[PDB]
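*Asks:* Following this message is one structure expressed as structure tokens.
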Amino acid sequence: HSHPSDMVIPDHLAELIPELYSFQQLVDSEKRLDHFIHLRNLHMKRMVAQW
Amino acid sequence: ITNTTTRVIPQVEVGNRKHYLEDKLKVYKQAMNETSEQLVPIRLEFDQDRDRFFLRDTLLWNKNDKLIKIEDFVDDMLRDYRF
Amino acid sequence: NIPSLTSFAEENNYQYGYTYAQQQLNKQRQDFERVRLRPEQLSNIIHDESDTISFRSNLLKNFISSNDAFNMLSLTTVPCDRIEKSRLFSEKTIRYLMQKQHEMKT
Amino acid sequence: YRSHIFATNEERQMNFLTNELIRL
Amino acid sequence: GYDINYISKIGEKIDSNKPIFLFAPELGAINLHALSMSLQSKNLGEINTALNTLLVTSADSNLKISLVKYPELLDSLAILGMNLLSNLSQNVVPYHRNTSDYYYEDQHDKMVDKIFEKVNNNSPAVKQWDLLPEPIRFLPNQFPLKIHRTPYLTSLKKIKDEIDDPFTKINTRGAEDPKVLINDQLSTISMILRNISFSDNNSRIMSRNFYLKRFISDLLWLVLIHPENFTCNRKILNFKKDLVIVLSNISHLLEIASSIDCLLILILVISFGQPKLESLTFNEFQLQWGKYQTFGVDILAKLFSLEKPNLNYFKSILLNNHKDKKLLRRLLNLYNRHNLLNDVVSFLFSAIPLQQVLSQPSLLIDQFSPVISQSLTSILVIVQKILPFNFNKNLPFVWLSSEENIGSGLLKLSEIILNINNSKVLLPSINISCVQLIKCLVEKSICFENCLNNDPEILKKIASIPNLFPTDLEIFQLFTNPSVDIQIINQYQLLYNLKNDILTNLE
């Protein structure tokens with residue numbers, strides 16, 4: 001049951017606990033890291049196929 | 001009759017005529033620009049020669065009325081005369 | 001098919017009353033826009049999370065979750081001086097922050 | 001400040017250490 | 001004191017077998033004229049039993065409700081939804097008023113009757129009113145303070161945090177509160193109107209009906225600018241979830257009436273999807289969640305196909321009859337220059353699942369070819385016919401180099417689509433759309449730099465995109481295979497002639 005709803009700590013907890021922003025922009029900092037791996041993989045599928 | 005096998009019956013007519021559906025915007029566009037009336041005396045005479053019907057009815061009619069299409073009123077009148 | 005924009009006009013189509021090219025175009029129009037606009041009569045009728053949400057199960061879970069949390073409040077006869085505080089860190093979060101602070105000088 | 005929870009000087013420095021390691 | 005798991009287990013069966021309302025097989029001969037005249041009766045039972053018997057039939061998918069045989073039912077629905085939107089923003093209670101509800105119950109003699117008031121003790125003016133009240137704007141209560149741009153997922157979390165609340169009022173019933181009665185009449189109106197619009201004749205009859213367009217432009221204001229009157233937070237999501245469905249089936253013939261409606265359409269379509277915390281301001285929507293954002297990229301694909309009201313209003317909104325000039329200039333700077341254009345283009349670059357179809361090979365593109373095709377058509381329309389001066393920031397440059405590298409994604413997608421059909425109808429259009437989009441983005445970046453002239457070192461930064469601009473070897477491959485098209489290799493060779501003109505002008 002992959003619920004997309006409960007990946008968000010929207011307002012009521014982040015205002016009370018300020019570390020959650022430091023959590024949340026952590027996760028976003030991961031989400032552009034793995035994508036950088038993804039554009040890496042499509043790079044490495046390219047150049048070998050180039051050669 | 002409602003006690004049936006659950007069809008959809010749009011507008012079961014009285015006699016043989018579909019209900020007159022208004023415009024409700026041209027009615028307000030005409031009823032607010034409503035200066036005068038100018039009734040028109042209208043005469044209808046037809047014989048068994050050069051025509052088949054007789055139709056000797058006389059009526060008034062508003063000349064400034066742009067709501068009712070005249071062919072619809074004549075088609076309602078002929079249905080009222082049981083043609 | 002993929003009929004026209006002229007076939008969608010009100011002149012070539014029927015209205016509340018009270019030729020051959022029109023009756024040829026309205027065949028393709030009703031054969032195109034009834035295989036396109038027809039609803040799905042099968043599964044994947046869930047569409048999202050917030051349509052198959054159940055009010056009865058959530059109401060039952062909230063009835064349990066209020067009752068036991070109120071029995072946690074009143075019936076627990078531990079005095080306020082005797083309620084021992086919980087740890088703000090774990091046995092693993094206290095190891096990782098000893099490790100990373102050791103490795104922070106690189 | 002949340003000194004009601006973080007009453008000890010140890011846990012305030014632990015929280016500051018957490019923020020430091022997050023930023024680093 | 002009870003074992004309420006067993007009590008609820010039995011009460012579920014009790015609620016299932018309870019006689020709440022009629023089912024589909026026991027409705028009998030549904031008469032549309034009787035429903036359409038009962039909706040204008042301004043009763044309470046005659047309205048509700050018409051609405052429920054319309055909701056059961058319209059969701060049945062075996063009983064057709066055609067408006068060719070009767071086109072005045074839809075006007076009754078839309079005028080009822082208009083008049084319920086009117087007295088909801090003013091908090092007036094209908095259906096149980098203590099007023100009398102009746103009007104005036106009862107020549108050469110009017111001067112004689114004037115002096116008859118003299119010798120017994122011894123000309124009325126005209127009226128003016130309209131059929132429908134104000135749309136909901138131009139009311140003294142309704143002035144915009146905050147455009148409620150809540151996203152999809154935060155709305156789902158707000159719903160799940162309102163349902164799972166101990167002191168919840170989501171089931172306070174109908175007869176215990178009149179405001180929830182108005183809201184549950186409006187939700188029935190919206191479910192009916194989204195159920196009717198799945199027919200070939202209803203989709204072109206609903207297209208005009210000035211009443212339906214005014215009701216859509218009336219609700220879309222209330223659900224976005226002042227949603228404080230709707231009781232629950234699930235009804236506000238469900239109005240957006242069927243307004244987009246009813247606008248997905250209509251919009252191929254819709255002519256947008258006013259510019260405020262053309263802005264609220266954009267904000268409603270934008271409100272599906274997830275933003276970030278310039279660059280592309282929309283994280284990619286992965287379609288393991290819900291296909292509701294794919295309906296918006298068809299509304300924007302079909303409403304851009306008319307050069308008159310549809311594209312003139314969109315142009316004047318994206319780039320920039322006497323009170324809405326003040327309303328549009330209030331709504332545009334309440335939306336936090338050119339944030340709207342880059343938000344729409346970044347959202348349209350979302351719902352093209354580049355990461356998902358390029359992670360794992362033919363099934364996902366065969367499933368998502370229409371949404372990809374219409375999204376590329378919408379982006380091509382925005383690039384070619386809107387972007388060509390009051391800009392102050394290079395938008396195609398910050399789309400081409402926004403650290404996600406969507407141009408390389410489109411080029412790899414064109415490679416993938418070119419390597420299935422030659423080794424399933426829309427793919428020759430999608431290839432040419434991808435290549436022409438990359439070409440127009442590069443050319444408009446260079447043209448925007450020539451117009452602005454503030455960043456001179458961009459010819460390096462355009463040519464330093466790691467997987468743009470396909471090499472001469474794959475174009476040598478494309479000029480040999482007979483299974484390729486002519487326009488595909490034409491767009492590819494045009495793109496390579498752009499690549500050579502980059503390097504010549506580089507030094």
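Ordering of the structure tokens sets the chain letters (A, B, ...), residue numbers begin anew at 1 in every chain, and ligands are numbered from 1 in the order given.
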Excluding residue 64 (chain C) and its own-chain neighbours fewer than 5 positions away, which residues fall within 9 Å of it when counting only C-alpha atoms? Please give them as a PyMOL selection string.

*Replies:* (chain C and resi 59+69) or (chain E and resi 4)

*Asks:* In chain D, what's alpha helix (DSSP H) per DSSP? Answer as an mmCIF file with N, CA, C and O atoms, in the first residue's frame?

*Replies:*
```cif
data_model
loop_
_atom_site.group_PDB
_atom_site.id
_atom_site.type_symbol
_atom_site.label_atom_id
_atom_site.label_comp_id
_atom_site.auth_asym_id
_atom_site.auth_seq_id
_atom_site.Cartn_x
_atom_site.Cartn_y
_atom_site.Cartn_z
ATOM 1 N N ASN D 9 22.547 21.145 29.647
ATOM 2 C CA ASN D 9 23.499 21.716 28.699
ATOM 3 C C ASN D 9 24.035 20.656 27.744
ATOM 4 O O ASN D 9 24.497 20.986 26.645
ATOM 5 N N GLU D 10 23.985 19.384 28.150
ATOM 6 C CA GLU D 10 24.439 18.290 27.295
ATOM 7 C C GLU D 10 23.557 18.134 26.063
ATOM 8 O O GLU D 10 24.061 18.024 24.940
ATOM 9 N N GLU D 11 22.237 18.149 26.251
ATOM 10 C CA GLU D 11 21.333 17.870 25.141
ATOM 11 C C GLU D 11 21.224 19.057 24.192
ATOM 12 O O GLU D 11 20.978 18.874 22.995
ATOM 13 N N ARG D 12 21.434 20.277 24.695
ATOM 14 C CA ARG D 12 21.484 21.437 23.808
ATOM 15 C C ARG D 12 22.709 21.384 22.905
ATOM 16 O O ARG D 12 22.627 21.694 21.710
ATOM 17 N N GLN D 13 23.847 20.949 23.451
ATOM 18 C CA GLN D 13 25.042 20.786 22.632
ATOM 19 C C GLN D 13 24.906 19.599 21.689
ATOM 20 O O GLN D 13 25.454 19.616 20.584
ATOM 21 N N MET D 14 24.145 18.576 22.089
ATOM 22 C CA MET D 14 23.868 17.463 21.183
ATOM 23 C C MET D 14 22.985 17.898 20.018
ATOM 24 O O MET D 14 23.211 17.490 18.871
ATOM 25 N N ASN D 15 21.992 18.747 20.287
ATOM 26 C CA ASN D 15 21.131 19.255 19.223
ATOM 27 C C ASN D 15 21.897 20.187 18.289
ATOM 28 O O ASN D 15 21.709 20.150 17.061
ATOM 29 N N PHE D 16 22.783 21.016 18.851
ATOM 30 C CA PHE D 16 23.627 21.875 18.025
ATOM 31 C C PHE D 16 24.612 21.055 17.203
ATOM 32 O O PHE D 16 24.910 21.402 16.055
ATOM 33 N N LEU D 17 25.106 19.950 17.767
ATOM 34 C CA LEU D 17 25.956 19.029 17.023
ATOM 35 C C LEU D 17 25.198 18.385 15.871
ATOM 36 O O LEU D 17 25.757 18.183 14.786
ATOM 37 N N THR D 18 23.923 18.056 16.096
ATOM 38 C CA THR D 18 23.081 17.499 15.041
ATOM 39 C C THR D 18 22.896 18.492 13.899
ATOM 40 O O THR D 18 23.023 18.132 12.722
ATOM 41 N N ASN D 19 22.629 19.758 14.237
ATOM 42 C CA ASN D 19 22.469 20.784 13.205
ATOM 43 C C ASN D 19 23.775 21.035 12.456
ATOM 44 O O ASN D 19 23.774 21.240 11.231
ATOM 45 N N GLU D 20 24.903 20.983 13.173
ATOM 46 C CA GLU D 20 26.211 21.145 12.544
ATOM 47 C C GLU D 20 26.503 20.015 11.568
ATOM 48 O O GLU D 20 26.976 20.255 10.452
ATOM 49 N N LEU D 21 26.209 18.776 11.964
ATOM 50 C CA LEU D 21 26.501 17.648 11.088
ATOM 51 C C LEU D 21 25.558 17.614 9.891
ATOM 52 O O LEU D 21 25.964 17.220 8.792
ATOM 53 N N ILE D 22 24.316 18.077 10.075
ATOM 54 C CA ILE D 22 23.383 18.213 8.955
ATOM 55 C C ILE D 22 23.905 19.221 7.935
ATOM 56 O O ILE D 22 23.951 18.937 6.724
ATOM 57 N N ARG D 23 24.342 20.395 8.410
ATOM 58 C CA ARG D 23 24.818 21.432 7.496
ATOM 59 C C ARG D 23 26.114 21.015 6.807
ATOM 60 O O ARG D 23 26.303 21.278 5.612
#
```

*Asks:* Report the closest atom pair, with its distance in Å rounded to one decimal, for each residue of chain C that has an atom no farther than 12 Å from chain D; count only C-alpha atoms, sort by chain and then rising residue number, and write it as a tab-separated table.

*Replies:*
```
residue	atom	partner	partner_atom	distance
C:85	CA	D:5	CA	10.0
C:86	CA	D:5	CA	10.7
C:87	CA	D:11	CA	10.1
C:88	CA	D:11	CA	7.9
C:89	CA	D:11	CA	8.9
C:93	CA	D:18	CA	10.0
C:94	CA	D:14	CA	9.2
C:96	CA	D:18	CA	10.4
C:97	CA	D:18	CA	7.6
C:98	CA	D:17	CA	10.1
C:99	CA	D:21	CA	11.1
C:100	CA	D:21	CA	7.7
C:101	CA	D:21	CA	7.9
C:102	CA	D:21	CA	11.3
C:103	CA	D:21	CA	10.5
C:104	CA	D:21	CA	8.1
C:105	CA	D:24	CA	11.1
C:106	CA	D:24	CA	11.3
```

*Asks:* So that I have them on file, write out the residues from the current selection with N, CA, C and O atoms, as a JSON list (two decimals), in the first residue's frame.

*Replies:*
```json
[["chain", "number", "residue", "atom", "x", "y", "z"],
["C", 85, "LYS", "N", 11.20, 10.61, 32.63],
["C", 85, "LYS", "CA", 11.29, 11.16, 31.29],
["C", 85, "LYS", "C", 12.00, 10.19, 30.35],
["C", 85, "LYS", "O", 12.87, 9.43, 30.76],
["C", 86, "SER", "N", 11.60, 10.24, 29.08],
["C", 86, "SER", "CA", 12.20, 9.39, 28.06],
["C", 86, "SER", "C", 13.48, 10.03, 27.51],
["C", 86, "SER", "O", 13.71, 11.23, 27.63],
["C", 87, "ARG", "N", 14.31, 9.19, 26.89],
["C", 87, "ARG", "CA", 15.56, 9.66, 26.31],
["C", 87, "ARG", "C", 15.30, 10.41, 25.01],
["C", 87, "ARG", "O", 14.52, 9.97, 24.17],
["C", 88, "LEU", "N", 15.99, 11.54, 24.85],
["C", 88, "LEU", "CA", 15.90, 12.34, 23.64],
["C", 88, "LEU", "C", 16.79, 11.82, 22.52],
["C", 88, "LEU", "O", 16.77, 12.38, 21.42],
["C", 89, "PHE", "N", 17.59, 10.78, 22.78],
["C", 89, "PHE", "CA", 18.39, 10.13, 21.76],
["C", 89, "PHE", "C", 18.32, 8.63, 21.98],
["C", 89, "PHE", "O", 17.93, 8.16, 23.05],
["C", 93, "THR", "N", 21.57, 6.44, 17.64],
["C", 93, "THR", "CA", 21.82, 7.84, 17.31],
["C", 93, "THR", "C", 22.92, 8.43, 18.18],
["C", 93, "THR", "O", 23.57, 9.40, 17.78],
["C", 94, "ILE", "N", 23.15, 7.86, 19.37],
["C", 94, "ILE", "CA", 24.26, 8.30, 20.20],
["C", 94, "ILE", "C", 25.57, 7.67, 19.76],
["C", 94, "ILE", "O", 26.64, 8.16, 20.14],
["C", 96, "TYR", "N", 26.19, 6.99, 16.28],
["C", 96, "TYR", "CA", 26.46, 7.64, 15.00],
["C", 96, "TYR", "C", 26.97, 9.06, 15.17],
["C", 96, "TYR", "O", 27.82, 9.50, 14.39],
["C", 97, "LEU", "N", 26.52, 9.78, 16.20],
["C", 97, "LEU", "CA", 27.03, 11.12, 16.44],
["C", 97, "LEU", "C", 28.31, 11.13, 17.26],
["C", 97, "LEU", "O", 28.92, 12.19, 17.41],
["C", 98, "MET", "N", 28.72, 9.98, 17.80],
["C", 98, "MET", "CA", 30.09, 9.86, 18.27],
["C", 98, "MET", "C", 31.03, 9.49, 17.13],
["C", 98, "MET", "O", 32.21, 9.86, 17.15],
["C", 99, "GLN", "N", 30.52, 8.78, 16.13],
["C", 99, "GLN", "CA", 31.33, 8.38, 14.98],
["C", 99, "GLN", "C", 31.57, 9.56, 14.04],
["C", 99, "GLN", "O", 32.72, 9.82, 13.64],
["C", 100, "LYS", "N", 30.51, 10.27, 13.67],
["C", 100, "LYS", "CA", 30.64, 11.37, 12.71],
["C", 100, "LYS", "C", 31.38, 12.55, 13.30],
["C", 100, "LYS", "O", 32.11, 13.25, 12.58],
["C", 101, "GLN", "N", 31.24, 12.80, 14.60],
["C", 101, "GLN", "CA", 32.00, 13.87, 15.24],
["C", 101, "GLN", "C", 33.47, 13.49, 15.36],
["C", 101, "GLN", "O", 34.34, 14.36, 15.39],
["C", 102, "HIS", "N", 33.76, 12.19, 15.44],
["C", 102, "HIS", "CA", 35.15, 11.75, 15.33],
["C", 102, "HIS", "C", 35.67, 11.93, 13.92],
["C", 102, "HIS", "O", 36.84, 12.30, 13.73],
["C", 103, "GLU", "N", 34.83, 11.70, 12.91],
["C", 103, "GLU", "CA", 35.22, 11.85, 11.52],
["C", 103, "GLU", "C", 34.92, 13.23, 10.96],
["C", 103, "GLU", "O", 34.91, 13.39, 9.73],
["C", 104, "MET", "N", 34.67, 14.23, 11.80],
["C", 104, "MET", "CA", 34.34, 15.56, 11.30],
["C", 104, "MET", "C", 35.57, 16.41, 11.02],
["C", 104, "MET", "O", 35.45, 17.47, 10.41],
["C", 105, "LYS", "N", 36.76, 15.95, 11.43],
["C", 105, "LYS", "CA", 37.99, 16.71, 11.26],
["C", 105, "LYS", "C", 38.73, 16.36, 9.98],
["C", 105, "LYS", "O", 39.96, 16.48, 9.92],
["C", 106, "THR", "N", 38.02, 15.92, 8.95],
["C", 106, "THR", "CA", 38.63, 15.57, 7.68],
["C", 106, "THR", "C", 38.13, 16.47, 6.56],
["C", 106, "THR", "O", 37.21, 17.26, 6.77]]
```

*Asks:* Could you tell me which residues of chain C sit within 9 Å of chain B when counting only C-alpha atoms, and give me the result as a PyMOL selection string?

*Replies:* chain C and resi 16-18

*Asks:* Could you save those same residues with N, CA and C atoms as a PDB file, in the first residue's frame?

*Replies:*
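File written: out_32.pdb
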```pdb
ATOM      1  N   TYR C  16     -33.398  20.341 -30.407  1.00  0.00           N
ATOM      2  CA  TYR C  16     -34.761  20.130 -29.929  1.00  0.00           C
ATOM      3  C   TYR C  16     -35.706  20.713 -30.971  1.00  0.00           C
ATOM      4  N   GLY C  17     -36.378  19.837 -31.716  1.00  0.00           N
ATOM      5  CA  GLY C  17     -37.154  20.249 -32.872  1.00  0.00           C
ATOM      6  C   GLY C  17     -38.420  21.020 -32.564  1.00  0.00           C
ATOM      7  N   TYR C  18     -39.393  20.332 -31.957  1.00  0.00           N
ATOM      8  CA  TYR C  18     -40.760  20.791 -31.621  1.00  0.00           C
ATOM      9  C   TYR C  18     -41.411  21.798 -32.575  1.00  0.00           C
TER      10      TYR C  18
END
```

*Asks:* Return as a compact mmCIF listing (two decimals) with N, CA, C and O atoms, in the first residue's frame the residues belonging to chain B that are within 8 Å of chain E, counting only C-alpha atoms.

*Replies:*
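Writing the result to selection-v3.txt gives the following:
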```txt
# COMPACT_ATOMS: atom_id res chain seq x y z
N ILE B 1 -46.36 6.23 -16.68
CA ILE B 1 -46.47 5.22 -15.64
C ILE B 1 -45.07 4.88 -15.14
O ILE B 1 -44.19 4.50 -15.92
N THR B 2 -44.86 5.01 -13.83
CA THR B 2 -43.54 4.78 -13.27
C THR B 2 -43.23 3.32 -13.04
O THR B 2 -42.08 2.91 -13.20
N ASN B 3 -44.23 2.50 -12.69
CA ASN B 3 -44.00 1.09 -12.38
C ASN B 3 -43.72 0.33 -13.67
O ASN B 3 -44.61 -0.27 -14.29
N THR B 4 -42.46 0.37 -14.09
CA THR B 4 -42.03 -0.21 -15.35
C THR B 4 -40.63 -0.78 -15.16
O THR B 4 -40.15 -0.96 -14.04
N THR B 5 -39.95 -1.06 -16.28
CA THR B 5 -38.67 -1.76 -16.26
C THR B 5 -37.48 -0.81 -16.32
O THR B 5 -36.45 -1.17 -16.91
N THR B 6 -37.61 0.38 -15.74
CA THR B 6 -36.54 1.37 -15.53
C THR B 6 -35.90 1.80 -16.86
O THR B 6 -34.74 1.51 -17.15
N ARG B 7 -36.71 2.48 -17.66
CA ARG B 7 -36.22 3.18 -18.83
C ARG B 7 -35.96 4.64 -18.48
O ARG B 7 -36.25 5.09 -17.37
N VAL B 8 -35.43 5.38 -19.44
CA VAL B 8 -35.33 6.83 -19.35
C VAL B 8 -36.26 7.39 -20.41
O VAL B 8 -36.04 7.20 -21.61
N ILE B 9 -37.31 8.07 -19.96
CA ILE B 9 -38.30 8.64 -20.87
C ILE B 9 -38.19 10.15 -20.80
O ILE B 9 -38.71 10.76 -19.85
N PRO B 10 -37.52 10.80 -21.74
CA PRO B 10 -37.44 12.26 -21.72
C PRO B 10 -38.71 12.89 -22.27
O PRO B 10 -39.04 12.73 -23.45
N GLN B 11 -39.44 13.58 -21.39
CA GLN B 11 -40.55 14.47 -21.74
C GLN B 11 -41.68 13.71 -22.46
O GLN B 11 -41.87 13.80 -23.67
N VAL B 12 -42.36 12.87 -21.68
CA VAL B 12 -43.59 12.24 -22.17
C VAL B 12 -44.63 13.32 -22.41
O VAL B 12 -44.95 14.11 -21.52
N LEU B 21 -39.82 24.89 -24.87
CA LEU B 21 -38.65 25.22 -24.06
C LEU B 21 -38.25 26.66 -24.35
O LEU B 21 -37.91 26.99 -25.49
N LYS B 24 -35.18 32.19 -21.84
CA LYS B 24 -34.99 32.77 -20.51
C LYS B 24 -33.91 33.85 -20.45
O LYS B 24 -33.70 34.45 -19.39
N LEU B 25 -33.24 34.13 -21.56
CA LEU B 25 -32.34 35.26 -21.69
C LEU B 25 -32.83 36.27 -22.70
O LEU B 25 -32.74 37.47 -22.46
N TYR B 28 -35.65 38.09 -21.01
CA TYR B 28 -35.24 39.26 -20.24
C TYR B 28 -34.62 40.33 -21.12
O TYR B 28 -34.67 41.52 -20.78
N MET B 32 -37.13 43.87 -20.81
CA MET B 32 -36.57 45.08 -20.22
C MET B 32 -36.43 46.21 -21.23
O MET B 32 -36.45 47.38 -20.84
```

*Asks:* Do a neighbour search on residue 485 (chain E) at 12 Å with only C-alpha atoms, toss out local chain neighbours closer than 3 positions, and write the hits as number ranges by chain.

*Replies:* E: 418, 421-422, 427-429, 431-432, 478-482, 488-492

*Asks:* Taking only C-alpha atoms into account, produce a table as a Markdown table in which each residue of chain A with an atom at most 9 Å from an atom of chain E appears once, together with its shortest atom pair and the distance in Å to one decimal, ordered by chain and rising number.

*Replies:*
```
| residue | atom | partner | partner_atom | distance |
| --- | --- | --- | --- | --- |
| A:2 | CA | E:289 | CA | 8.3 |
| A:3 | CA | E:289 | CA | 7.8 |
| A:4 | CA | E:289 | CA | 6.3 |
| A:5 | CA | E:157 | CA | 5.2 |
| A:6 | CA | E:157 | CA | 6.6 |
| A:7 | CA | E:153 | CA | 8.9 |
| A:8 | CA | E:154 | CA | 7.2 |
| A:9 | CA | E:157 | CA | 8.7 |
| A:10 | CA | E:154 | CA | 6.8 |
| A:25 | CA | E:277 | CA | 7.8 |
| A:28 | CA | E:276 | CA | 8.4 |
| A:32 | CA | E:404 | CA | 8.4 |
| A:35 | CA | E:404 | CA | 7.8 |
| A:36 | CA | E:404 | CA | 8.1 |
| A:38 | CA | E:359 | CA | 7.5 |
| A:39 | CA | E:405 | CA | 8.2 |
| A:41 | CA | E:359 | CA | 8.7 |
| A:42 | CA | E:358 | CA | 7.8 |
| A:43 | CA | E:467 | CA | 7.5 |
| A:46 | CA | E:467 | CA | 8.7 |
| A:50 | CA | E:473 | CA | 8.4 |
```

*Asks:* Smallest atom-to-atom distance to chain A: which of C:11, C:33, C:48, C:91, using only C-alpha atoms?

*Replies:*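 So, comparing all the options, the nearest one is C:48.
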
*Asks:* Among region 5-82 of chain B, which ones does DSSP place in strand (DSSP E), written as a ChimeraX atom specification?

*Replies:* /B:8-9,39-43,58-62

*Asks:* Could you work out how far CA of residue 459 (chain E) lies from CA of residue 445 (chain E), giving the answer in Å with one decimal?

*Replies:*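 Computed distance, CA of residue 445 (chain E) to CA of residue 459 (chain E), equals 9.9 Å.
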